[PDB]
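The next block holds one structure in the form of structure tokens; read it before the comments.
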Amino acid sequence: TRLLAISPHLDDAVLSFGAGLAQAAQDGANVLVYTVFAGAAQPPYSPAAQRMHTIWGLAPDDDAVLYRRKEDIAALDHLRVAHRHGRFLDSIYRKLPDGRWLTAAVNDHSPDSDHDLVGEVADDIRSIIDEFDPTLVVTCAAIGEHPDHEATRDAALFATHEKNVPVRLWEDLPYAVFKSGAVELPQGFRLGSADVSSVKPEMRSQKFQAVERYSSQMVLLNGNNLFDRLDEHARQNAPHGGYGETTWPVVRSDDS
Ligand SMILES: CCCCCCCCO[C@@H]1O[C@H](CO)[C@@H](O)[C@H](O)[C@H]1O
Ligand SMILES: [Zn+2]
């Protein structure tokens, strides 16, 4: 088995699918987690980016991407899976064609810009598929509607469809604790029946320990009960006990 996980940001795959990644590695699968929006960023930073850097426990003008890449490597090494850091800039570092920052909340902009980004991400994913030759791709459902998650999900769907590789979407955590869960896929795609995994306690522990490697995100993610909320979420999906993660297969719609 060759499992390619496609994470929007540096932490999403571990937060949402860390137990599944860890189990896959345990079972002897070759597992690679490619993070789309891991692109190097340098000052000048927007005021919004400077504020986020502060929330992440960094100086406003620090190399936040460098810090997060190192966190990601530690977390993924802890799960014993490989990493690959993509070239795309996180939403807080992107500019619009007219020179404005993308984020301020997202500034009004042309769908053309969204399409162009999705196209480039899709190009990179098609190349990674050629290079890694995955038997399964898993990426985010984009529950919560973060534009980077939506771009990642849509690009992965288009790339996998063209390359004829099976794809599944994970339930975005911790977002799904606060959202309804319904998502709007690009035309022609739909979700099949959910799978709710049940993993051994060791895999829960491995996942939670890996999450902790993302120290910069802990204040943001905890709001001080992140792990309790993750446990409660799994409990609600599997009342008989045991930790797990929800994923859906993505298939072609009828008449498409
Ligand atoms: C960014 C668009 C507005 C909606 C707010 C959603 C909550 C923010 O979410 C975050 O945003 C960042 C910047 O993209 C990231 O670097 C993070 O990993 C992430 O958790
Ligand atoms: Zn994210």
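Annotations
- In the range 78-85 there is no residue that is within 14 Å of ligand 2 (Cβ to nearest atom) and either polar (S, T, N, Q) or within 21 Å of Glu150 (Cα to Cα) (or both).
- Top-ranked residue in the range 151-167 [being of a type outside the set (A, V, I, L, M) and buried (at least 22 other Cβ atoms within 10 Å of the Cβ); ranked as nearest to ligand 2 (Cβ to nearest atom)]: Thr152
- Of residues in the range 215-256 being exposed (fewer than 10 other Cβ atoms within 10 Å of the Cβ) and of a type in the set (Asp, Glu), the one nearest to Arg68 (Cα to Cα): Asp254
- Any hit, the range 17-31, residues being under 25 Å from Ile92 (Cα atoms), within 14 Å of the chain's Cα centre (by Cα) and near ligand 1 (Cβ under 10 Å from one of its atoms): no
- Selection from the range 24-57 of residues that are touching a strand residue (DSSP E or B) at 6+ places or on another chain (Cβ under 7 Å), crowded, with 21+ Cβ neighbours inside 10 Å and not hydroxyl-bearing (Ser, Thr, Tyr): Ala24, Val31, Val33, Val36, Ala38
- Scanning the range 33-70 for residues that are hydroxyl-bearing (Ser, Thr, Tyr) and more than 19 Å from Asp124 (Cβ to Cβ) yields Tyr45, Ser46, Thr54, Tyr67.
- From the list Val165, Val183, the lone residue that is within 26 Å of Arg80 (Cβ to Cβ) and in a loop (DSSP other than H, G, I, E, B) is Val165.
- Number of residues in the range 1-56 that are in contact with an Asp or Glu (Cβ under 7 Å, 6 or more places away or on another chain), within 12 Å of ligand 2 (Cβ to nearest atom) and of a type in the set (A, V, I, L, M, F, W, C): the value is 2.
- Selected residue (only one of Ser193, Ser216, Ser180 is within 16 Å of ligand 1 (Cβ to nearest atom), more than 29 Å from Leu58 (Cβ to Cβ) and of a type in the set (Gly, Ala, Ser)): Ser180
- In the range 120-128, the condition of being under 17 Å from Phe17 (Cβ atoms), surrounded by fewer than 17 Cβ atoms within 10 Å (Cβ to Cβ) and not charged (D, E, K, R) is met by no residue.
- Of all the residues in the range 98-122, those that are among the β-branched types (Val, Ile, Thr) and away from ligand 1 (no atom under 12 Å from the Cβ) number 2.
Just so you know, all these numbers are worked out from the coordinates, no wet-lab data involved. Note that each Cβ is placed from the backbone with ideal geometry, even for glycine, and that neighbours are counted across all protein chains shown.
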